[PDB]
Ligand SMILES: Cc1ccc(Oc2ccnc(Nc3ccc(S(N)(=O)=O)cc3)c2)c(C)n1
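Taking the form solved without this ligand, here's one chain by itself in structure tokens.
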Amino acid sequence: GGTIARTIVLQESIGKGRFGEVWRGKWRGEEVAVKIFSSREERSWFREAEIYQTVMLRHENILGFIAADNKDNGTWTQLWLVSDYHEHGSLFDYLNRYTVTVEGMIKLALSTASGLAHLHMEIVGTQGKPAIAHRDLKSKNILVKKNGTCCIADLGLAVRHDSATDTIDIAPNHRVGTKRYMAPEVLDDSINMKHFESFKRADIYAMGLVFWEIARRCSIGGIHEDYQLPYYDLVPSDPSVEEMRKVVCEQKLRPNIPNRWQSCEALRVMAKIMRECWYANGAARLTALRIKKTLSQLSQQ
């Protein structure tokens, strides 16, 4: 018989995924995360297995994929995705629980930007890696490791690019992703979905929102902001595309940058990155590589 799912024992329910159910399992005595899909969710499971098996994808700031497998319990078939387990869970959970130091904030932001720069970068060669855009970047889709660094997860909605032809591996549907984090051009449907660079630029807007969530939690002299999602002050908890479009596209609002962020160099650098991710024109936004470079210089200094 098989040698992956057969040997894993589910221990604790972690929660529901966009598709499937997430569990903490034990494999060869180690904790692993297991996402289980039903037979009717095969397309979602297969596509996420396909993205995670991309050549040369592995990176310290991308969730470590172990295997895809099937498990027949005697009544129905389960479709499994097994990955590394991170006890802290999501960056969203971590930021709700804790405040971070200046060093802590920089570690979280630089590791997120390093993972995004790796996802976005094409690596040439026989064992080359295509450029990939996430399409659903948010604090609930980033995990925090024991060492206080992040890894990007939930790659199931990603798209991959073939650079020689400037084509995308799937026929992308409009407005996939979490509405709160959708870029202005995604919200108003002006995005050119035949242009792969458009998807990278939309991910940068969302990373800007995540950086704002982290910076609120940076405590200096015991001073910090409470945890909030971006746009908590302007839209309902589960907002519609129309609610988001009216705020982001028509009123042209972005999350507020508190005055106290001007009194600290690390917070000034973070606030400037946010503004340069939030431009309505995707072509004016910073690239993930440029952000990684700015933050590497900040972690050093």
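Residue positions are given as counts along the sequence shown, with the first one as 1. Take the two forms, superpose them, and find the largest set of C-alpha atoms that agree within 1.5 Å; that set is the rigid core.
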{"item": "Stretch farther from the shown model on average in 4 other deposited structures of this protein, with CA RMS computed after core superposition (207-215, 161-169)", "value": "161-169"}
{"item": "Greater mean Cα temperature factor according to the PDB record, 91-99 or 199-207", "value": "91-99"}
{"item": "Which of 261-269 and 64-72 has higher mean CA B factor, as the PDB entry lists it", "value": "261-269"}
{"item": "Criterion, highest CA B-factor; candidates, 161, 145, 224, 138", "value": "224"}
{"item": "Residue of maximum C-alpha B factor among 184, 104, 130, 115, per deposited coordinates", "value": "104"}
{"item": "CA B-factor ranking of residue 108, expressed as a third of its chain", "value": "middle"}
{"item": "Residue 286 CA temperature factor, ranked by third within the chain", "value": "middle"}
{"item": "Record-listed C-alpha B factor of residue 150: chain third", "value": "middle"}
{"item": "Assigned third (lowest, middle, highest) for the C-alpha B factor of residue 30", "value": "middle"}
{"item": "Among modelled residues of the same chain, the CA temperature factor third for residue 48", "value": "lowest"}
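The next section is about a form of this same protein that is not shown, the form deposited with this ligand bound.
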query	finding
Open or blocked: site for this ligand, pose in the deposited bound form superimposed, 2.4 Å backbone/C-beta cut-off, 3-atom minimum	open
Of 79, 157, 108, 143, the one that lies within 4.5 Å of this ligand in the deposited bound form (heavy atoms)	143
Contact residue in the deposited bound form, from 93, 72, 103, 189 (heavy atom within 4.5 Å of this ligand)	93
Three-residue site 181, 230 and 269 fully in contact with this ligand in the deposited bound form at 4.5 Å by heavy atom	no
Heavy atom of residue 35 within 4.5 Å of this ligand in the deposited bound form	yes
Contact flag, residue 86 vs this ligand in the deposited bound form, heavy atom cut 4.5 Å	yes
Partner proximity in the deposited bound form: residue 97 to this ligand, non-hydrogen atom cutoff 4.5 Å	yes
In the deposited bound form, residue 153 touching this ligand (heavy atom, 4.5 Å)	yes
Option from 53-61, 250-258, 27-35, 233-241 whose residues, in the deposited bound form, bring a heavy atom within 4.5 Å of this ligand	27-35
